[PDB]
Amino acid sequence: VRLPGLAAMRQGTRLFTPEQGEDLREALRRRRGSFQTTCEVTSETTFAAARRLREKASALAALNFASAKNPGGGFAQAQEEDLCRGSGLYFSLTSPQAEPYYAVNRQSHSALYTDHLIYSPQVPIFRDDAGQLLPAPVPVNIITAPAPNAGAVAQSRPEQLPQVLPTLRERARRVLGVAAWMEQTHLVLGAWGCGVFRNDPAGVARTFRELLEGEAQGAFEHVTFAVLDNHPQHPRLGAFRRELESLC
């Protein structure tokens, strides 16, 4: 039997294409300065922060650190695979209206990828980090978008090194734009493509702070930076807790 709410979520899945770039930013324009946005930086999985936030969240979204070319990356410690294994996310990403995101990114043949985004509405979270069933599934809206593959650019197309940060910046700005366009209140963010994609975590953390301070100030009610870091150094979390203490 097909698990609860997968149908309604897959049927509602929706693609934002790069030609919606200005539709997304006028949605940020229109929503800027609506709340006193409270923001944290934590050590939880993105789904653990989602399930915690749920009961006081009118509209909850979370960022999938996605593969540009294969849904769920093709599966093996990554965050996108954590969400697929414990939610209906995969049934949404393989949905027909989502195909152009993968199709175009592969034809792109560029490690900075395109600006397509996939919006997955009311994705059921079925399991906690331990992997046991929840009593009841917890819905979370998911924004899927690929951070530029910095590691690949450095080994494959170093001429696009200068475009890495600008790509991540305009794409981050569209991720906020999709969440305001869908009028979300509570965002679960994190160390976006600072793992397998090898971006600088100080840089991703700073880009988020620039946006949350600039074009997206006030635009959301709560932003939680759910960075998981098991390495004894904790380099990712340290960079996000260090660079976003200004904002909290």
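All residue numbers are counted from 1 along the displayed sequence.
Mean C-alpha B-factor higher for 132 to 140, or for 108 to 116? Between 132 to 140 and 108 to 116, it is 132 to 140.
Between 233 to 241 and 9 to 17, which has the larger average Cα B-factor in the PDB entry? Between 233 to 241 and 9 to 17, it is 233 to 241.
Highest Cα B-factor in the deposition, which of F47, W181, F65, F208? Each of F47, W181, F65, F208 was compared by C-alpha B-factor; the highest is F208.
Options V196, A27, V41, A191 - largest CA temperature factor per the record: It is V41.
Classify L60 as lowest, middle or highest third according to the C-alpha B-factor given in the PDB entry, relative to its own chain. It belongs to the middle third of the chain when residues are ordered by C-alpha B-factor.
Taking the values exactly as deposited, rank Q77 by C-alpha B-factor within its chain and report the matching third: lowest, middle or highest. It belongs to the highest third of the chain when residues are ordered by C-alpha B-factor.
Comparing against every modelled residue in the chain, figure out the third that the C-alpha B-factor of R51 lands in (lowest, middle or highest). Middle third of the chain for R51's C-alpha B-factor.
Would you check the entry's CA temperature factor for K69 and let me know if it's in the chain's lowest, middle or highest third? Tercile = lowest for this residue's CA B-factor.
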